[PDB]
Amino acid sequence: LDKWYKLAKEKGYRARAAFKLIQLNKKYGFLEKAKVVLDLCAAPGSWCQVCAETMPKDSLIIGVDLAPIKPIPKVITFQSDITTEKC
Amino acid sequence: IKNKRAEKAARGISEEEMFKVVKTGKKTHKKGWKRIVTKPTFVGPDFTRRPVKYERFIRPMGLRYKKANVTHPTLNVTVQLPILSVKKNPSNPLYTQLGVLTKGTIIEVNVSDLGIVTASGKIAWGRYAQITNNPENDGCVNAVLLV
Amino acid sequence: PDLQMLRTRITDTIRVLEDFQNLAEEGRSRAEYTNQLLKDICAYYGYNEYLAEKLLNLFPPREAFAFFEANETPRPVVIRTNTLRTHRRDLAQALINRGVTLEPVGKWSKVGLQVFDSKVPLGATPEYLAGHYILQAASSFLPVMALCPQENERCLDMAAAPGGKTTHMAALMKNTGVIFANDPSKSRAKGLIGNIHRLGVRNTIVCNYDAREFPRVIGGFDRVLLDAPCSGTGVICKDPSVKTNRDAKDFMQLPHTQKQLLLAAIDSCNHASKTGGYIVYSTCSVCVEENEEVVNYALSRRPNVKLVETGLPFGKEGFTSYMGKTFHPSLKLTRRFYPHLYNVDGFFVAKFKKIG
Amino acid sequence: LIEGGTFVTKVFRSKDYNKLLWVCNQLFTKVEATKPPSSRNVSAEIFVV
Amino acid sequence: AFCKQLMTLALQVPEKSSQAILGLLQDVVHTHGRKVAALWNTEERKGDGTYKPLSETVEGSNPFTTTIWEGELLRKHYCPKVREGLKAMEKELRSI
Amino acid sequence: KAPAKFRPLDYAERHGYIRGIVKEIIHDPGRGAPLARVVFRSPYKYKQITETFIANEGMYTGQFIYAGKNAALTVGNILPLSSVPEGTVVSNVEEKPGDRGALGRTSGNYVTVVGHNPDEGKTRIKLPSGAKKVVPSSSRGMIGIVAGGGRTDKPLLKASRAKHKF
Amino acid sequence: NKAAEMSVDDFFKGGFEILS
Amino acid sequence: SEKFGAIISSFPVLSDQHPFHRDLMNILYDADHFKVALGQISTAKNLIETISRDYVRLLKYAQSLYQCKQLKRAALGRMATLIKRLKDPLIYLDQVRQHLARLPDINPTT
Amino acid sequence: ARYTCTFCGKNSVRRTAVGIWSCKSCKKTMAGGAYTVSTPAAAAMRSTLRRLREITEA
RNA sequence: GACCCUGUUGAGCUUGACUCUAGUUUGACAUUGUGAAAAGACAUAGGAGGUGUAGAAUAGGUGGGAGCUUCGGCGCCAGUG
RNA sequence: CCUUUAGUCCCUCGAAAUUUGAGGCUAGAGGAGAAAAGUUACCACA
RNA sequence: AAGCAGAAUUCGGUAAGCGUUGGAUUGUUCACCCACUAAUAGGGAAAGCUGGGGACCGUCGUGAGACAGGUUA
Ligand SMILES: [Zn+2]
């Protein structure tokens, strides 16, 4: 229970880590015009959700995670790990 | 019926959040403003705008039902059929408008899967059904088709 | 039975009919090859025999299967920009900013937009509530392009229950002139009135009349639009009740009412018009007893009207001949539309010019 | 990642925090730690770009 | 309303008066911009009525339903200053 | 798209012949060999198998190809190396029965059998690189030249083998 | 800017641009 | 959920076994039936979880002890009914487990 | 370049992919070489295949 | 707090007679002419025509019709309709 | 004046040909009067 | 009592005699991981500290609120 915990529920994000990327993007616009983003760990998928709503049209976002992720539109989801050269 | 559905498949915001948004503007809260309808209900459309008459009766998501176990008396079988509309709740005219599902309530159900042939040779797509249980005590809706 | 088994027989029966001259059986004729194609199409796609044989006679085998495949799959959602408020580029950009995937519906409309998906309800978006677009169907665009109304005319829309077409005439008329919007249903008329006020239309009169009373009521319209109520054989995807609830009785009363409606539209219009005396008849059905048979009836009992070029870019020519029925040769100007060919609803457009 | 790319990582503050920062220094051109307000003040987490 | 009427003014006035008005609308376009940009773009033309030139009131005329066509006469005006003046306005419009 | 793989081992293919129809051929980046989209009929279930082969040179779309031991010895069919006779061009051959094709998949290679061994059934196959191999007769193979052509620009000369050459 | 510069009364003398 | 999860995880996953053990189990226990049996257990585990979620929401709006008691009985009664449907799969799995416990230990590579 | 069609019998074949040819009259696709529909080497072995099939049948 | 009622208000539903007629509005007709240039429909006398699917094939349609024949092609019959 | 109910298959109109729809007839049901009136398990205030 | 060979267990019965832990709570959520241990069972006496998270009139208006206007347990 927290201020960001409640407000994230009303906004519809999966965790409050979504807002961490939101304020980071406000300070530094790396999630601007540039197209390709690689999310190496999205267990809930909040960072993928934040990207899915602020990138330029026709961008590419790919996220990997050891745990299964419920599908998010316009986001590529991976069940593979990160510490393996198969990944 | 299940097999037919299997092959075919192979082929907004809530009222409560709207109340929170509205009450934010009207900071002064009148005692007893919210009227949470604690009875099971059926609504239908995802998003709708209600008249000011009923814009104070809030129906929670958890109490909403969309299907019912409907029994056909002649063809002795029961199939889970979607609910189309609530026609009459014989306890309160307000409950009919609010879609409250109580015992003895007449609802209109989609009977297209059963395939009932009418006297004109057509296939029936909607018939009345009376709820024969207490959806508030038993977490489901049971009905018998009026055929 | 086994539904996937029916699909295999359907495909097997079609290829046999395509190459019956060399690939056949010992003594079974192609008459019962087609008849076998009737049962398994009925059992698989859930049609009754009367409509299925009717549809099978309309098309040849491999096109027919594409038609039955198209009827099960839904159609894309398309919106019509209100020219009275904005134009397409901002409304596309405005909805893109809100998370709606948009492309132009095609090169044939400067007003329609096609939506893949969205993160917000399309019917509750702020520019929707402002009157910047209306959810319509691509087939509904066509009748008003055939009947292009200019400014400062009087128009008659004989069935405007949803309201998409009446608003389109108002946009093309630039909110000038008079539009008679008519619905025989009070319940559906309330939605039309709401659509009119939401979309900012000021030059309309909503009347609740039976469309066959109109020459008696007012008469003299420059342009009259007629979407006759029909079986709905081209809107099967939205209304599955058509597949089984259309028999010989229905297909006899419906063309009779449509024939009576068309004559009323002809008498309603003004032949001596300074801008035009055009009548457009449209239908969301594919059957010939409701298209090109009502058109032939109008031309045979009113020799003071003539079919003209419809003007739409895409479409298929109308049928001149059918099961022993010979039509007027001018019917080739009328156009047809099919879901499998163009990803639009089954539709039919006809356009008349009054000369006396 | 392309020349001129941006790399952001959550790093717990510890005695290895400075050793990892030296890596981005020799591998990138601009470095900074942010700790946006959403991160709990009790938490030792930090975000390095 | 004044922008459209002023281009009409510039058409039929002496060379220096036309130049003065042309310079004035250069500032008007520069300071406001998008408020008058749709007048020079035919796709952004409003379709909610017809333009009324001889209206009794400023709002009575529907000026966003018309398009500034006068550039096709002022581009061939006899005064080089006017021609350069017209080119000045479009240069500001293209930079909007 | 999908890897080019043969049908799974089964009684029907190993003892009879199965009819299949091809629908189209699709080119994919990373190789010049054109994949062939094929639809088969399941002998046990009323379902169609979606599998992809490699389009050989000369074939088209719309054959009633035969898949089995006693299939027609034509281009577009497959056949166990036992049935096909000597000197025949074979493509996309199996090292063992069950690997769904391993040898000779690049755009234009082929394998010609140079002798069959009946007792303890083995078939001898020549590799495109000029090597000699022996594979079990029960393996399958695609008959014909795999499409792609362009076999006029292959330089075959070695510094050492030239010294070996007479 | 330009509007003010052309608004001053000494812009409209009548000097012909052949006699500069 | 704990008891269902223990059953699913304790039995060997045929995909990860050595080929000799994978084939031997197929002959012994009809691998197709083995997958069907485990699927019903997984299906029943998910169904019970959704039943629990549904009735917890209902209880939070209940207005008296009688209504709370009826909802609890309905939630428990439906969970009991689903387990009774698992009768045939559970008998099959117990026989396999007893057979597996007695199987000889063969080292595939030795 | 433009090549002849076996089925439609007319000069209506064009290249679509690296080794894919297509004729739009009968909507038939050819599977051939990079630049030629039929390689001379491909013709020789098919002739050899036909000859051995005659020998086997005889 | 909830329950019942009253008064004012809002949202909604229903009633608010019949016969002529002002106003308003649709169609046809009348003043009312002369020319000229076009367009349509009526008058003959001609010419040329029919491709939804299947059918080898471009079947206006209607009636007889199993034999006709520039004497070798047709017909019928079998299809497909 | 329209709409429903049952009837003779009694007349007219329209449609298709090997049948319908709408009117018409028999007698039940709906629609003092532009001043206002009635009514609601609804809303707001008292 | 159970394919319970041994070891380890599982289900049930009598039993309250005897015990039922140390940390995290510093990333995400249905708040629950790290271990140690023989085990880390659930409740009643329903209780106090500590952190988290008022109601009447009056006036001016009401398609709606405003008042450092008055009084008071
Ligand atoms: Zn061809």
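Only the coordinates and a few stated rules stand behind these numbers; no lab work does. For neighbour counting, all protein chains shown are included, and Cβ atoms are generated from backbone atoms with ideal geometry for every residue, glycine included.
Each Cα pair of the stretch A:39-87 feeds into the Kirkwood radius, which the Stokes-Einstein equation turns, at 25 °C and 0.890 mPa s, into a diffusion coefficient of 222 µm²/s. Evaluated at q = 0.25 Å⁻¹, a Debye calculation over the C-alpha positions of chain D (equal weights, vacuum) places log10 I(q)/I(0) at -0.97. What does the charge count around residue I:42 come to, taking other residues whose C-beta lies under 10 Å from its C-beta (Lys +1, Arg +1, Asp -1, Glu -1)? Taking every Cβ under 10 Å from that of residue I:42, the sum is +1. All Cα-Cα distances of chain A, cut into 10 Å bins from zero to the largest, leave 17, 47, 31, 5, 0 percent in each bin in turn.
The average projected area of the stretch F:1-76, computed from the convex hull of its Cα atoms over all directions, is 5.3 nm². Counting only DSSP beta bridges with both residues in the protein assembly as shown, the antiparallel share comes to about 75 percent. Take the Cα coordinates of the stretch H:52-110, assign each an equal point scatterer, and use the Debye formula without solvent to give log10 I(q)/I(0) at q = 0.17 Å⁻¹. Calculated log10 I(q)/I(0) at the listed q: -0.70. Identify the trypsin sites (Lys or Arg not before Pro) of the stretch H:43-74 meeting these criteria: DSSP loop state and at most 16 other C-beta atoms within 10 Å of the C-beta. Hits after loop and neighbour filter: H:60. Restricted to Cα atoms, the stretch F:20-166 shows a radius of gyration and a Dmax of 16.8, 62 angstrom.
Ellipsoid fit via the Cα gyration tensor, the stretch B:4-115: semi-axes of 34, 18, 10 Å, each the root of five times an eigenvalue, largest first. When the Cα gyration tensor is reduced to axis lengths a ≥ b ≥ c, the ratio a/c is 1.5 or higher for chain C, and with a/b not above b/c it is classed as oblate. Pull up the DSSP beta bridges for chain C and report the antiparallel fraction as a percent, rounded to 5. Antiparallel bridges make up about 65 percent of those DSSP assigns within chain C. Counting beta carbons within 10 Å around each of C:236, H:27 and listing the fewest first gives the order H:27, C:236.
Judged by the gyration tensor of its Cα atoms, with axes a ≥ b ≥ c, the protein assembly as shown is rounded; a/c sits under the 1.5 cut. Reported value for the stretch C:1-146: 173 Å³ per residue, from the convex hull of its C-alpha atoms. Based on every Cα atom in the stretch C:189-290, Rg and the maximum pairwise Cα distance Dmax equal 16.1, 48 Å. Summarise the long-distance tail of P(r) for chain E by giving the % of C-alpha pairs beyond 20 Å. Of the Cα pairs, 35 percent sit more than 20 Å apart. For the stretch C:236-279, would you read off the P(r) tail past 12 Å as a percentage of all alpha carbon pairs? Percentage above 12 Å: 71. Measuring against 29 Å, Cα to Cα, the residue pairs A:26/A:70; A:70/D:30; A:3/H:60; A:6/B:27 contain A:70/D:30 as the ones spanning a longer distance. Which of rounded, prolate or oblate describes the stretch C:104-263 when judged by the alpha-carbon gyration tensor and an a/c cut-off of 1.5? Oblate, since a/c reaches 1.5 and b/c is not below a/b.
Net charge near residue C:189: determine it from the other residues with C-beta under 14 Å of the C-beta of residue C:189, scoring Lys and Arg +1 and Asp and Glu -1. Charge balance near residue C:189 sits at 0. With a Cα-only, solvent-free Debye model of chain I, what are the log10 I(q)/I(0) values at q = 0.22, 0.29 Å⁻¹? Rounded to two decimals, the profile gives -0.82, -1.09. Counting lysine pairs in the stretch E:1-85 whose alpha carbons fall under 16 angstrom apart, excluding pairs fewer than 8 residues apart on the same chain, gives 6. Cross-link pairs exceeding 27 Å between alpha carbons, from the set C:190/C:351; C:190/C:316; B:122/C:325; A:33/C:110; A:74/D:10: C:190/C:351; C:190/C:316; B:122/C:325; A:33/C:110.
Charge tally around residue B:93: other residues with Cβ under 14 Å, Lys/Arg +1 each, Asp/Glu -1 each, net +3.
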